[PDB]
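Single-structure report; data block below.
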Amino acid sequence: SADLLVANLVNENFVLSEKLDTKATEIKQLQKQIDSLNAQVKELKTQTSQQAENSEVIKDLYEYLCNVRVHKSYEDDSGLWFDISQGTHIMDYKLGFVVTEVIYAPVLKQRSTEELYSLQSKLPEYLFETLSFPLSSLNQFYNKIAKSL
Amino acid sequence: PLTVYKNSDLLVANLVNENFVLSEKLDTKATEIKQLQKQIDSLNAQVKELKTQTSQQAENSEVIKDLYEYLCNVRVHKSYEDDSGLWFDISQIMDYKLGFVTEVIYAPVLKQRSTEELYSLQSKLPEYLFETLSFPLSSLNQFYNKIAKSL
């Protein structure tokens with residue numbers, strides 16, 4: 001009973017050493033995965049950021065070339081909306097899209113009255129009231145506002 | 001120097017001592033493993049979240065690109081930066097490129113075009129829009145308008 005038990009401790013020391021070597025492999029394997037993930041993560045971070053730079057330039061281009069900038073976009077169940085600031089250094093408004101059809105909508109949440117009359121002198125009455133036209137007419141709209149500004 | 005007793009040495013003493021050391025060396029690895037497994041999971045979330053945000057922002061940019069096309073009849077295909085100056089291909093149908101070095105450079109792009117069009121276009125477009133040009137940025141919008149009016 002005394003010898004048997006102590007001779008088995010050898011058996012236990014072996015089992016430990018194998019179970020232990022099998023862990024040293026699972027460990028090396030995770031370290032590799034981590035390193036892989038790190039590379040990938042960094043390259044994904046540059047592509048997503050550097051890409052922001054591109055988009056800015058383009059936004060910036062359109063602004064210099066069309067004197068019009070698109071601020072944002074939402075989608076309230078039915079229809080997406082984009083704020084817009086058009087003019088030369090200006091009339092803010094929004095456009096909604098719901099066959100296809102469009103919705104104009106002057107946006108003057110904030111505007112020093114002096115401007116609001118400067119604008120009323122340059123802009124045809126109707127551009128101060130919500131409207132609705134087919135998409136085909138959009139570009140034509142755009143032109144009308146540019147010509148008046 | 002340990003020594004057992006039946007009822008009722010160096011090597012035997014190394015067995016127990018050695019059995020302990022193995023049990024600790026093995027448990028301390030089981031913690032380094034859990035810590036690594038956690039780190040891996042955390043890193044995975046990062047990759048997945050970055051993939052959605054990029055696929056989502058791309059979506060926005062596509063919408064806007066599509067908007068501008070419907071509103072300005074003009075689309076900006078790409079952008080390069082060859083040491084000095086960046087370039088954008090444009091399709092407004094007349095394709096051309098614009099270079100920025102402030103000052104600008106126009107450049108008709110007809111790498112491929114069925115001749116029938118190339119004369120359709122020559123009838124609508126003032127001679128000079130078929131030759132490279134150069135103007136200040138302030139004049140750009142004015143340029144754009146001239147091309148739209150003719151097309």
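Following the order of the structure tokens, first chain is A, next is B, and so on, with residues numbered from 1 inside each chain and ligands from 1 in the order they appear.
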Residues of chain A near chain B: apply a cut-off of 8 Å, count only C-alpha atoms, and supply the list as number ranges by chain. A: 1-3, 6, 9-10, 12-13, 16-17, 20, 23-24, 26-27, 30-31, 33-34, 37-38, 40-41, 44-45, 48, 54-55, 58, 64-67, 70, 73, 135, 138-139, 142
Write out as a ChimeraX atom specification which residues come within 8 Å of residue 2 of chain B when counting only C-alpha atoms, dropping same-chain ones fewer than 5 positions away. /B:9-10,12-13
From chain B, collect each residue whose DSSP state is helix (DSSP H, G or I) and return the set as a ChimeraX atom specification. /B:10-72,115-124,127-130,137-150
Writing out the chosen residues with C-alpha atoms as a PDB file, in the first residue's frame:
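Contents of again_25.pdb, as written:
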ATOM      1  CA  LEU B  10      16.707  11.367  -2.710  1.00  0.00           C
ATOM      2  CA  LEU B  11      14.759  10.022  -5.753  1.00  0.00           C
ATOM      3  CA  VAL B  12      11.507   9.556  -3.810  1.00  0.00           C
ATOM      4  CA  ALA B  13      11.793  13.068  -2.305  1.00  0.00           C
ATOM      5  CA  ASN B  14      12.157  14.475  -5.853  1.00  0.00           C
ATOM      6  CA  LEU B  15       8.900  12.862  -6.868  1.00  0.00           C
ATOM      7  CA  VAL B  16       6.704  14.827  -4.400  1.00  0.00           C
ATOM      8  CA  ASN B  17       8.642  18.060  -4.815  1.00  0.00           C
ATOM      9  CA  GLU B  18       8.500  17.511  -8.560  1.00  0.00           C
ATOM     10  CA  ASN B  19       4.788  16.712  -8.502  1.00  0.00           C
ATOM     11  CA  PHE B  20       4.092  19.990  -6.791  1.00  0.00           C
ATOM     12  CA  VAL B  21       6.198  22.126  -9.189  1.00  0.00           C
ATOM     13  CA  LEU B  22       4.374  20.529 -12.154  1.00  0.00           C
ATOM     14  CA  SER B  23       0.974  21.272 -10.675  1.00  0.00           C
ATOM     15  CA  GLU B  24       1.848  24.972 -10.209  1.00  0.00           C
ATOM     16  CA  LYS B  25       3.536  25.356 -13.590  1.00  0.00           C
ATOM     17  CA  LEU B  26       0.393  23.931 -15.085  1.00  0.00           C
ATOM     18  CA  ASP B  27      -2.079  26.114 -13.183  1.00  0.00           C
ATOM     19  CA  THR B  28      -0.124  29.279 -13.950  1.00  0.00           C
ATOM     20  CA  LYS B  29      -0.444  28.376 -17.634  1.00  0.00           C
ATOM     21  CA  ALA B  30      -4.218  27.895 -17.322  1.00  0.00           C
ATOM     22  CA  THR B  31      -4.371  31.591 -16.287  1.00  0.00           C
ATOM     23  CA  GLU B  32      -2.204  32.826 -19.159  1.00  0.00           C
ATOM     24  CA  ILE B  33      -4.564  30.885 -21.428  1.00  0.00           C
ATOM     25  CA  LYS B  34      -7.757  32.438 -20.057  1.00  0.00           C
ATOM     26  CA  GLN B  35      -6.217  35.897 -20.307  1.00  0.00           C
ATOM     27  CA  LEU B  36      -5.332  35.223 -23.907  1.00  0.00           C
ATOM     28  CA  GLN B  37      -8.776  33.831 -24.715  1.00  0.00           C
ATOM     29  CA  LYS B  38     -10.331  37.017 -23.309  1.00  0.00           C
ATOM     30  CA  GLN B  39      -7.980  39.249 -25.306  1.00  0.00           C
ATOM     31  CA  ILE B  40      -8.817  37.336 -28.443  1.00  0.00           C
ATOM     32  CA  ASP B  41     -12.531  37.796 -27.915  1.00  0.00           C
ATOM     33  CA  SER B  42     -12.051  41.515 -27.283  1.00  0.00           C
ATOM     34  CA  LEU B  43      -9.957  41.858 -30.429  1.00  0.00           C
ATOM     35  CA  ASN B  44     -12.631  40.025 -32.435  1.00  0.00           C
ATOM     36  CA  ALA B  45     -15.341  42.455 -31.400  1.00  0.00           C
ATOM     37  CA  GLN B  46     -13.066  45.283 -32.552  1.00  0.00           C
ATOM     38  CA  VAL B  47     -12.696  43.754 -36.027  1.00  0.00           C
ATOM     39  CA  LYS B  48     -16.438  43.013 -36.351  1.00  0.00           C
ATOM     40  CA  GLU B  49     -17.449  46.539 -35.153  1.00  0.00           C
ATOM     41  CA  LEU B  50     -14.963  48.096 -37.579  1.00  0.00           C
ATOM     42  CA  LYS B  51     -16.443  46.009 -40.380  1.00  0.00           C
ATOM     43  CA  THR B  52     -19.983  47.175 -39.758  1.00  0.00           C
ATOM     44  CA  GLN B  53     -19.017  50.841 -39.351  1.00  0.00           C
ATOM     45  CA  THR B  54     -17.024  50.792 -42.585  1.00  0.00           C
ATOM     46  CA  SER B  55     -19.758  48.951 -44.488  1.00  0.00           C
ATOM     47  CA  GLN B  56     -22.217  51.416 -43.020  1.00  0.00           C
ATOM     48  CA  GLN B  57     -20.324  54.590 -43.819  1.00  0.00           C
ATOM     49  CA  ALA B  58     -19.664  53.283 -47.327  1.00  0.00           C
ATOM     50  CA  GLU B  59     -23.425  52.975 -47.620  1.00  0.00           C
ATOM     51  CA  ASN B  60     -23.883  56.647 -46.745  1.00  0.00           C
ATOM     52  CA  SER B  61     -21.275  57.719 -49.256  1.00  0.00           C
ATOM     53  CA  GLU B  62     -22.977  55.649 -51.949  1.00  0.00           C
ATOM     54  CA  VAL B  63     -26.322  57.321 -51.274  1.00  0.00           C
ATOM     55  CA  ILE B  64     -24.820  60.774 -51.526  1.00  0.00           C
ATOM     56  CA  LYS B  65     -22.916  59.814 -54.684  1.00  0.00           C
ATOM     57  CA  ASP B  66     -26.269  58.638 -56.046  1.00  0.00           C
ATOM     58  CA  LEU B  67     -27.936  61.888 -54.910  1.00  0.00           C
ATOM     59  CA  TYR B  68     -25.391  64.120 -56.582  1.00  0.00           C
ATOM     60  CA  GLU B  69     -25.742  62.159 -59.779  1.00  0.00           C
ATOM     61  CA  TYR B  70     -29.521  62.795 -59.803  1.00  0.00           C
ATOM     62  CA  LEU B  71     -29.193  66.410 -58.719  1.00  0.00           C
ATOM     63  CA  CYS B  72     -26.052  67.642 -60.520  1.00  0.00           C
ATOM     64  CA  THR B 115     -17.010  58.166 -83.286  1.00  0.00           C
ATOM     65  CA  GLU B 116     -20.723  58.828 -83.784  1.00  0.00           C
ATOM     66  CA  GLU B 117     -20.786  60.274 -80.274  1.00  0.00           C
ATOM     67  CA  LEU B 118     -17.484  62.101 -80.634  1.00  0.00           C
ATOM     68  CA  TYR B 119     -19.163  64.153 -83.348  1.00  0.00           C
ATOM     69  CA  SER B 120     -22.461  64.380 -81.508  1.00  0.00           C
ATOM     70  CA  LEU B 121     -20.326  65.948 -78.795  1.00  0.00           C
ATOM     71  CA  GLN B 122     -18.362  68.232 -81.116  1.00  0.00           C
ATOM     72  CA  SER B 123     -21.666  69.770 -82.214  1.00  0.00           C
ATOM     73  CA  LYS B 124     -22.776  70.530 -78.656  1.00  0.00           C
ATOM     74  CA  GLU B 127     -13.938  73.745 -79.448  1.00  0.00           C
ATOM     75  CA  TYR B 128     -11.859  74.462 -76.321  1.00  0.00           C
ATOM     76  CA  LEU B 129     -13.451  71.715 -74.218  1.00  0.00           C
ATOM     77  CA  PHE B 130     -11.445  69.240 -76.207  1.00  0.00           C
ATOM     78  CA  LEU B 137     -10.322  77.483 -58.567  1.00  0.00           C
ATOM     79  CA  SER B 138     -12.624  80.535 -58.401  1.00  0.00           C
ATOM     80  CA  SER B 139     -13.526  79.871 -62.014  1.00  0.00           C
ATOM     81  CA  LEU B 140     -14.370  76.221 -61.524  1.00  0.00           C
ATOM     82  CA  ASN B 141     -18.087  76.498 -60.806  1.00  0.00           C
ATOM     83  CA  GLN B 142     -18.284  78.731 -63.882  1.00  0.00           C
ATOM     84  CA  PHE B 143     -16.666  76.019 -65.915  1.00  0.00           C
ATOM     85  CA  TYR B 144     -19.074  73.371 -64.639  1.00  0.00           C
ATOM     86  CA  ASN B 145     -22.027  75.528 -65.660  1.00  0.00           C
ATOM     87  CA  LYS B 146     -20.764  76.027 -69.188  1.00  0.00           C
ATOM     88  CA  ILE B 147     -20.531  72.286 -69.724  1.00  0.00           C
ATOM     89  CA  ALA B 148     -23.984  71.619 -68.278  1.00  0.00           C
ATOM     90  CA  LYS B 149     -25.613  74.314 -70.427  1.00  0.00           C
ATOM     91  CA  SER B 150     -24.094  72.802 -73.552  1.00  0.00           C
TER      92      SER B 150
END
In Å to one decimal, how far is atom CA of residue 107 of chain A from atom CA of residue 78 of chain A?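 One can read the atom CA of residue 78 of chain A to atom CA of residue 107 of chain A distance as 20.2 Å.
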Would you please work out which residue, of B:3, B:136, B:82, B:151, is nearest to residue 104 of chain B when using only C-alpha atoms?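 Looking at the shortest contact to residue 104 of chain B, the residue is B:136.
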Between atom CA of residue 128 of chain A and atom CA of residue 74 of chain A, distance in Å (one decimal): 22.3 Å
All strand (DSSP E or B) positions in segment 51-87 of chain A, as a PyMOL selection string: chain A and resi 68-70+74-75+80-86
Give me the residues within 7 Å of segment 114-127 of chain A as a list in words, counting only C-alpha atoms and dropping any in the same chain fewer than 6 places off. residues 106, 148 and 149 of chain A
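Distance check against residue 131 of chain A using only C-alpha atoms: of A:109, A:82, A:101, A:25, the minimum falls on A:101.
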Pairwise distance for atom CA of residue 108 of chain B and atom CA of residue 85 of chain B, rounded to one decimal in Å: 17.3 Å
